[PDB]
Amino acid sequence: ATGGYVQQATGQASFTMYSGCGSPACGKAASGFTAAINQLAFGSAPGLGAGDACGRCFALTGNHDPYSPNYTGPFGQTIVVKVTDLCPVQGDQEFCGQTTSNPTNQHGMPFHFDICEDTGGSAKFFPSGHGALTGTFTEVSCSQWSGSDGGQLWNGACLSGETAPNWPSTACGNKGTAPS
């Protein structure tokens, strides 16, 4: 996409959980299940506000535990998240360090979703004792996502991806150039 960001509607991803998604990089939180996506897909950098991932909805499915490769299941449910946040290339390497020259993380995954625990998404997705997984994602209509957006936290906040056709398309837009 514009800026060199790698923004595909479907693919393979790794998955983790995180706390504290109420002040996220898109500038609006949401009450439904939400995630941060790795910088190369988010479409912005820390401090620059929203990228084109903001507001888009994705169905996430875990199908492997990379730390326990002998584990065959059960995995969690498929969930639909709204992307509200950035998992930055600086400070979140093993999982979110994908760049244009090295587009996969340490698990060989070209995307990463950090699923917010606060609002319940991670409890639906991660079995007890298995808090990091790999699997798939597919962008879906936000008709498939339950929840309500939060209020704008600063000027330029954006979740307009929530009404956009799937990538390739432009809603909030990308900021600057993707990490190299």
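Numbers for residues come from their place in the sequence shown, where the first is 1.
Looking at mean Cα B-factors across 42-50 and 29-37, the upper value is held by 42-50.
For the two regions 138-146 and 124-132, the entry's Cα B-factors average higher over 124-132. Based on the entry's C-alpha B-factors, the most elevated value among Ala13, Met17, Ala9, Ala157 belongs to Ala157. Looking at the C-alpha B-factors along this chain, the one for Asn63 belongs to the middle third. In the deposited entry, the Cα temperature factor of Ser23 places it in the highest third of its chain's modelled residues. Among the modelled residues of the chain, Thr72 sits in the highest third by CA temperature factor in this PDB entry. The deposited CA B-factor of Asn166 belongs to the lowest third of values across its chain.
Ranked by C-alpha B-factor against the other modelled residues of its chain, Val81 falls in the lowest third.
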